[PDB]
Amino acid sequence: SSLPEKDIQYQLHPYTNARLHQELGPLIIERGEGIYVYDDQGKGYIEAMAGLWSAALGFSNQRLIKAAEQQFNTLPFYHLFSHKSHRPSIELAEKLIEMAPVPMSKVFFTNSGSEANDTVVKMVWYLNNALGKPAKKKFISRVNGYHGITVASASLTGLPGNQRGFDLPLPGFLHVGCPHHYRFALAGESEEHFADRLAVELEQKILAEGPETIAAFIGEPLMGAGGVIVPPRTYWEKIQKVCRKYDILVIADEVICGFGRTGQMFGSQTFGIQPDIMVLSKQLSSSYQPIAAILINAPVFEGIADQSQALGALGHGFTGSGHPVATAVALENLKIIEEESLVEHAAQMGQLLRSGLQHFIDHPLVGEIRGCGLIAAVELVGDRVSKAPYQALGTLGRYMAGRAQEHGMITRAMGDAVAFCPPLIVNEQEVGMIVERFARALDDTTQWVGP
Amino acid sequence: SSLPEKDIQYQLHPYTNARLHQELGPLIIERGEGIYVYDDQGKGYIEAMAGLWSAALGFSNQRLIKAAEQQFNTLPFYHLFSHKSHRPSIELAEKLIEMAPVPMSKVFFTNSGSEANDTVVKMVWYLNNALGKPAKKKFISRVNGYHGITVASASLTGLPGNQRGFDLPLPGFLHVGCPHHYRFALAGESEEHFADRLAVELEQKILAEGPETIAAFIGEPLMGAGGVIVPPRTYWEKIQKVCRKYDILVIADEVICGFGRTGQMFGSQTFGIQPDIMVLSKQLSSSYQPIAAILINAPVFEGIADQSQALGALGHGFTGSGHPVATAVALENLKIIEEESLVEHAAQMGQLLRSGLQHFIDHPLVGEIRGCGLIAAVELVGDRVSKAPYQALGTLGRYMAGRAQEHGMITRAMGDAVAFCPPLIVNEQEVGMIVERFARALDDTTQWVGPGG
Ligand SMILES: *Cc1c(COP(=O)(O)O)cnc(C)c1O
Ligand SMILES: *Cc1c(COP(=O)(O)O)cnc(C)c1O
């Protein structure tokens with residue numbers, strides 16, 4: 001009958017406890033503008049996550065809306081199968097290739113990040129069969145990495161919450177350590193030496209598995225959903241040397257880091273990664289349309305092209321691959337990010353965010369503050385010396401996130417860390433408000449944990 | 001540089017020979033209106049495939065475009081994670097549940113058909129773990145079925161072109177026969193007996209694999225990409241009895257059949273299927289937005305809900321799941337289909353299409369004319385008695401499709417069959433034009449072959 005009642009009756013929600021949902025119902029979000037969303041009671045919230053790490057231009061960018069309209073009225077749907085094409089897919093693909101931080105050869109479009117990583121898995125398998133290396137198939141990823149939730153991409157993902165009860169990972173999807181100094185460094189170990197030990201771990205993993213069986217290493221430049229985990233200094237340098245030593249492809253999952261999130265246009269620039277393949281989504285279209293993109297370099301394309309010829313055609317593609325409305329919106333989105341100098345602006349807003357949060361560095365429940373550019377997290381602990389949680393891992397984060405919402409801010413808990421990933425258009429005072437609302441939530445949480 | 005040159009330079013095309021693409025370049029489609037698209041030279045074509053079996057309302061429905069606008073200007077993106085919701089997802093889900101041809105409990109949204117089928121795989125695995133049946137995991141599908149192209153959903157798919165080179169199918173993804181009488185029936189075998197033999201095949205497959213290890217059977221009510229293959233009479237009845245005997249879930253992949261394609265609202269109605277899970281996409285939004293929907297019945301939901309509680313939350317969801325613009329467009333799309341009586345209209349347009357094509361039933365190159373509702377195919381052969389192809393399999397289909405395009409019509413060849421899946425809004429005279437353009441293409445193809453006889 002009521003709208004909340006209909007939701008409970010008819011929707012199975014993602015990333016939601018279904019039974020609790022039947023009791024509590026939804027928080028229905030009705031409208032958005034700038035960095036704000038409003039619920040159906042008219043309460044406004046700063047969307048400090050940009051939705052799902054994604055709405056770079058906020059929730060009422062008229063240029064994107066008009067670009068959708070203009071394309072809708074020209075050609076509202078067509079496809080790229082069997083030599084068919086259309087201008088928006090062509091022009092977007094050109095723009096993505098030309099702005100890539102390393103030389104890239106081709107773009108392949110999907111709807112989601114998960115589909116894109118799933119497609120990259122198939123591409124690498126197809127590639128290595130093309131080349132006559134049928135054993136070179138295994139993927140290496142990392143504990144706490146997030147790469148999506150198809151059967152294959154959830155296998156790449158290294159978060160237990162995405163695997164438990166789903167019979168994952170599949171075989172051939174291997175995991176090395178999470179590069180988080182605060183949690184996994186040895187006592188008195190430096191960042192650089194933590195990085196050394198991670199590179200050794202990767203090489204030993206490869207040697208134990210048989211280097212000839214390892215096709216690819218995939219990683220987010222910095223880990224998003226897994227906690228805003230910034231890798232230790234020299235990690236990417238040392239990891240890439242191990243990969244290049246055994247002819248292992250380096251895949252940068254830029255689904256969150258892409259398009260100005262980390263202080264430069266790509267996480268690959270910020271962290272000195274020269275990937276063979278890049279995966280892009282989210283900020284690509286400010287999530288105004290579902291779209292993702294895979295960039296592959298020359299060797300990857302040439303092997304695939306050779307096979308697609310021998311086997312008649314590339315037996316892969318989604319109905320929505322390169323959708324003309326989604327590609328048109330993404331094209332306009334990238335033009336706005338360039339014309340408005342949002343990469344530079346976000347970097348400056350990020351410095352303000354990070355300096356604001358650092359006033360709480362000696363709070364008794366603050367275990368670590370981390371991030372770079374305009375992405376950050378504050379990890380809470382029940383005890384700073386031991387780094388132990390209050391009650392059980394997740395208890396603090398759950399409480400903090402709930403308090404932040406009460407104070408008009410949407411953040412996301414990742415265990416006991418709360419994340420910040422605001423729209424790139426956030427202004428200085430809005431950053432101040434984000435920090436103030438974080439502060440109030442923290443104060444509430446501290447009184448709740450109590451003496 | 002020119003637009004075709006940019007395409008060749010920068011895009012890897014799906015379902016395209018990449019090397020041939022570098023030589024020929026693209027056919028760039030510039031605009032659409034009604035049932036027509038126009039290329040960049042201004043030549044018009046009837047889109048007899050509705051794009052990819054999908055654009056129910058044609059290529060310039062203003063109501064859908066305005067519904068997108070109105071939602072863009074309210075809330076252009078949000079998500080459904082962690083109890084968050086929004087009106088368009090809620091109202092769409094209600095509408096889908098209430099119109100379902102069997103009692104259904106919940107809707108889960110994805111972007112694509114492939115994602116939806118991939119998600120259904122995970123849901124079934126999660127479900128059976130929830131129920132304490134950890135061995136009950138394998139899926140059974142069919143030769144020539146199409147269910148998408150993720151690693152898992154390409155394993156469900158039974159077309160060799162989707163598996164060759166990709167190390168698929170994964171283990172646990174099993175295949176029984178294509179239910180196409182014309183190609184796989186024994187000499188002088190009836191439809192009903194062909195159906196018996198297929199049901200026996202399925203039961204033997206289950207028994208050989210261990211019934212306790214089989215979770216689900218999935219099928220398109222009629223097979224789309226694999227050839228517009230109408231199953232033989234009594235197939236679905238007998239297949240479901242085998243499934244119910246061993247407590248195997250029945251999943252109807254309605255990605256093509258959904259929303260009026262086959263003569264009734266759902267392929268499940270047309271063919272008497274009582275599925276536990278339905279998968280919907282394509283006509284859902286006339287492909288104006290990427291969206292797919294999974295309908296799950298009460299037992300499937302209850303088990304999933306039970307576990308999500310014990311494990312804290314359901315560890316699954318796409319950023320675009322239930323996207324407010326895509327759901328708003330699909331909602332308006334389903335309203336138009338109902339208000340304009342397009343299911344009934346498509347049924348009538350389909351009988352005209354079929355009657356038109358049947359004037360060529362005794363043509364020496366026409367092996368079979370099949371379909372129902374407003375989906376059809378004409379399978380061409382080089383020799384009717386042997387059913388053998390002219391030159392290689394595919395030669396006639398490729399030539400026919402090329403001639404159809406020259407005559408202003410886009411059809412898709414599936415080997416030597418050419419498909420018809422026009423927008424539901426096609427009128428009687430447009431059906432006449434589709435059949436005329438098919439006839440000219442067939443006339444060209446006949447002159448090219450020279451059947452003599
Ligand atoms: C969100 C995300 C994905 C998956 O994207 P979907 O569109 O939600 O499937 C993949 N990789 C990373 C790093 C992500 O953050
Ligand atoms: C087209 C199709 C799919 C896959 O849809 P995408 O949106 O292209 O992933 C799945 N099943 C059937 C029956 C289809 O026709």
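Each chain gets a letter, A, B and so on, in the order its sequence line appears, and its residues count up from 1. FYI, side chains are in, hydrogens and waters are out, and symmetry mates aren't considered; it's all heavy atoms of this structure.
For B:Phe59, the parts sitting under 4.5 Å from any heavy atom of chain A are the backbone and the side chain alike. Contact of B:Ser287 with chain A is made through backbone and side chain together, with heavy-atom distances under 4.5 Å. Both the backbone and the side chain of B:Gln289 come within contact range of chain A, judged by heavy atoms closer than 4.5 Å. For a residue to count as touching a neighbouring chain, one of its non-hydrogen atoms must lie under 4.5 Å from one of that chain's; by this rule A:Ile97 touches chain B with the side chain only. The contact between A:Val107 and chain B is made by backbone and side chain atoms together, counting heavy-atom distances below 4.5 Å. Proximity to chain A (any heavy atom under 4.5 Å) is shown, for B:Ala413, by neither the backbone nor the side chain. Interface remark: A:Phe166 contributes backbone and side-chain atoms alike to the contact with chain B (heavy atom separation under 4.5 Å). With a threshold of 4.5 angstrom between heavy atoms, B:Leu170 approaches chain A through side-chain atoms but not through N, CA, C or O. Residue A:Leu92 does not touch chain B at all, counting heavy-atom pairs closer than 4.5 Å. For A:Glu33, no part lies near chain B; criterion is any non-hydrogen pair under 4.5 Å. The part of A:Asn129 that comes within reach of chain B is its side chain, from C-beta onward, which places non-hydrogen atoms under 4.5 angstrom from that chain. Neither the backbone nor the side chain of B:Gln163 comes within contact range of chain A; no heavy atom of the residue lies under 4.5 Å from a heavy atom of that chain. In this structure, no portion of B:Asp39 lies under 4.5 Å from any heavy atom of chain A. For A:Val124, no part sits under 4.5 Å from any heavy atom of chain B, backbone or side chain. Looking at A:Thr119, neither its backbone nor its side chain comes within 4.5 Å of chain B, counting heavy atoms on both sides. There is no contact between A:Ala116 and chain B, counting heavy-atom distances below 4.5 Å. Neither the backbone nor the side chain of B:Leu57 comes within contact range of chain A; no heavy atoms are under 4.5 Å apart. Residue B:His323 touches chain A through its side chain alone, counting heavy-atom pairs closer than 4.5 Å. Within the 4.5 angstrom heavy-atom criterion, no atom of B:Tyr38 approaches chain A. Proximity to chain A is absent for every atom of B:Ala130, based on heavy atoms less than 4.5 angstrom apart. Interface residue B:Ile410: only side-chain heavy atoms are found under 4.5 Å from chain A. Residue B:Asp118 touches chain A through both its backbone and its side chain, counting heavy-atom pairs closer than 4.5 Å.
A donor atom on one side chain and an acceptor atom on the other are found under 3.5 Å apart for B:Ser89 and A:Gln11. Under the 3.5 Å distance criterion, with hydrogens and angles disregarded, no donor-acceptor pair is assigned to the side chains of A:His83 and B:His13. Remark: the A:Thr319 side chain and the A:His79 side chain contain no N/O donor-acceptor pair separated by less than 3.5 Å. No side-chain N or O of B:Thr74 forms a donor-acceptor pair with one of A:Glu30 less than 3.5 Å apart.
Annotation: maximal heavy-atom pairing with chain B below 4.5 Å, among A:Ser308, A:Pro324, A:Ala18, occurs at A:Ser308. With chain B as partner, the option from A:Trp53, A:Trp125, A:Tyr288, A:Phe318 having the largest number of non-hydrogen pairs under 4.5 angstrom is A:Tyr288. If you tally non-hydrogen atom pairs under 4.5 Å between each of A:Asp306, A:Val121, A:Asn61 and chain B, the highest count goes to A:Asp306. Top candidate by heavy-atom pairs under 4.5 Å with chain A, chosen from B:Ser281, B:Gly320, B:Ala154, B:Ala93, is B:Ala93. In terms of heavy-atom pairs under 4.5 Å with chain A, the best-connected choice from B:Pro290, B:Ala68, B:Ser54 is B:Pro290. Per-residue counts of heavy-atom pairs under 4.5 Å with chain B were compared for A:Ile28, A:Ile65, A:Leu295; the largest is that of A:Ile65. Heavy-atom pairs under 4.5 Å with chain A were tallied for B:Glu115, B:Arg31, B:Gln62, B:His86; the largest tally goes to B:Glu115. No other option in B:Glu47, B:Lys84, B:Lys137 has as many heavy-atom pairs under 4.5 Å with chain A as B:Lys84. The residue among A:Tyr126, A:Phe81, A:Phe108 with the most heavy atom pairs within less than 4.5 Å of chain B is A:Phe81. Residue with the most contacts toward chain A among B:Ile149, B:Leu168, B:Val325: B:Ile149 (heavy-atom pairs, distance under 4.5 Å). If you tally non-hydrogen atom pairs under 4.5 Å between each of B:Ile294, B:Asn162, B:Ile291 and chain A, the highest count goes to B:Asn162. Top candidate by heavy-atom pairs under 4.5 Å with chain B, chosen from A:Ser60, A:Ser321, A:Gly312, A:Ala55, is A:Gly312.
Between the B:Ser153 side chain and the B:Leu156 main chain, no donor and acceptor come within less than 3.5 Å of each other.
A pairwise comparison of heavy atoms in B:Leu80 and B:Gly322 identifies CD1-CA, 4.0 Å as the closest pair. Considering all non-hydrogen atoms of both residues, B:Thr150 and A:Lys122 come closest at C-CD, 4.3 Å. Taking each heavy atom of A:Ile296 and A:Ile304 in turn, the nearest pair found is CD1-CD1, 4.1 Å. Across all their heavy atoms, B:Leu64 and B:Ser285 have their closest contact at CD1-O, 4.0 Å. Counting all heavy atoms, side chain and backbone alike, B:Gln405 lies closest to B:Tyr45 at O-CE2, 3.4 Å. A:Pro26 and A:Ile8 make their closest contact through CD-CG1, 4.5 Å (heavy atoms, listed as atom of the first residue, atom of the second, distance).
Between A:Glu69 and A:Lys66, none of the side-chain N atoms (NZ, or NE/NH1/NH2) sits under 4.0 Å from a carboxylate O, so this pair counts as no salt bridge. Under a 4.0 Å N-O distance rule, the pair A:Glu302/B:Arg19 qualifies as a salt bridge.
Environment of CZ in B:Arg87: sparse, with no more than 12 heavy atoms of neighbouring residues, nucleotides or ligands closer than 6.0 Å. By the 6.0 Å contact criterion, CD on B:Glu98 is enclosed, its count of non-hydrogen atoms from other residues, nucleotides or ligands being greater than 12. For B:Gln22, the CD atom sits in a packed shell: over 12 heavy atoms of surrounding residues, nucleotides or ligands are nearer than 6.0 Å.
When side chains are defined from C-beta on, B:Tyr15 does not count as touching A:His316, because their heavy atoms never get closer than 4.5 Å. Within the 4.5 Å cutoff, no side-chain heavy atoms of A:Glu94 are placed close to those of B:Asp7.
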side-chain hydrogen bond (donor to acceptor under 3.5 Å, both in side chains) evaluation trace for A:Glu91 with B:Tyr10:
CA-CA 9 Å; A:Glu91 290 186 347; B:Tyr10 301 117; over 6 Å; no
